[PDB]
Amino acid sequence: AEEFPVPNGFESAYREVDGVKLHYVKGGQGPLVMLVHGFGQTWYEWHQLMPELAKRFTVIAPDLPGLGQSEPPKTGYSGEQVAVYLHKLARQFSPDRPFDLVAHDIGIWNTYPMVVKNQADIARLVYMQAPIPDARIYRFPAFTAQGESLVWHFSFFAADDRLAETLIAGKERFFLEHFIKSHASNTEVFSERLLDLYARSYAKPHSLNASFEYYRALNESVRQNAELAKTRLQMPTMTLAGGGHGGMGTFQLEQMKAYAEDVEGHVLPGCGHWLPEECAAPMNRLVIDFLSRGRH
């Protein structure tokens, strides 16, 4: 059964990539755009953008390895390892043209290495609401004068003893509602049904573990990216970030300036971390307009 409802004109499907069965939802015609979700979510976070984008592009939205309906990786959870799966999956559908890439939260972690190593394959790039793993993440504070900080969960999720799985099992719905709303400006967009669907998905034991294995590999990803970042990104890039509670603010664009020669950025006031849901309409417009400057 499908964990989330598939939009009209799209298909839910699977492809084996290096022995790992990846789930994705695909529709549209034209050059390929791959949309990569982040923590706590699945392909479904893109379900409002996908039909609009499908008017000019072939759109594919995979579930990250181990999350949604995708099998766990058989290599590992570091950015370079996961990016192989996403790169090869995209190339099955766009072998002869470069494709566009849009990524949210840890979707950035899981795609940056294949972008930087296969630049001729990437037409345009959109990154939103997460640092690329590098030394800048070691500067975020553990605690703020207003209470809990933006990324203390990096340490919670990366802790050993399966600390996060053990404390959250049996409380998956409670924890996901807290985490989503603590990083949101607009909490009203998260209906009880929507939270039910996301919680059901990541409560699968292999998905709950997969969720935190991305963070247990974060320092390895930082170390990997320290070598990769010697090559600058040359393709047109756009960053988006929330300006409200939970948002990265100016950090997203300022970090990307060190990685990309050709980058434009927007900060969305009144929006937090969950841009495709909290601020669906303006986020959709900025992405569509940015991608539609290319051939379509």
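We call the rigid core the largest set of C-alpha positions that still match within 1.5 Å between the two forms. Residue numbers run from 1 along the displayed sequence.
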In 4 other deposited structures of this protein, rigid core aligned: more displaced of 205-213 and 148-156 by C-alpha RMS: 148-156
Stretch farther from the shown model on average in 4 other deposited structures of this protein, with CA RMS computed after core superposition (139-147, 221-229): 139-147
Mean Cα B-factor comparison, 69-77 or 156-164, giving the higher one as deposited: 69-77
Comparing 32-40 with 45-53, the one whose average Cα B-factor in the PDB entry is higher: 45-53
Peak C-alpha temperature factor (PDB record), options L86, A135, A103, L208: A135
Top residue by Cα temperature factor, when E192, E213, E172, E220 are compared in the entry: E192
Lowest, middle or highest third - CA B-factor, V263: highest
Chain-wide C-alpha B factor ranking for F140, given as lowest, middle or highest third: middle
Chain thirds of CA B-factor: placement of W109: lowest
Third of the chain's Cα B-factor distribution that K117 belongs to, per the entry: highest
Chain thirds of CA B-factor: placement of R124: middle
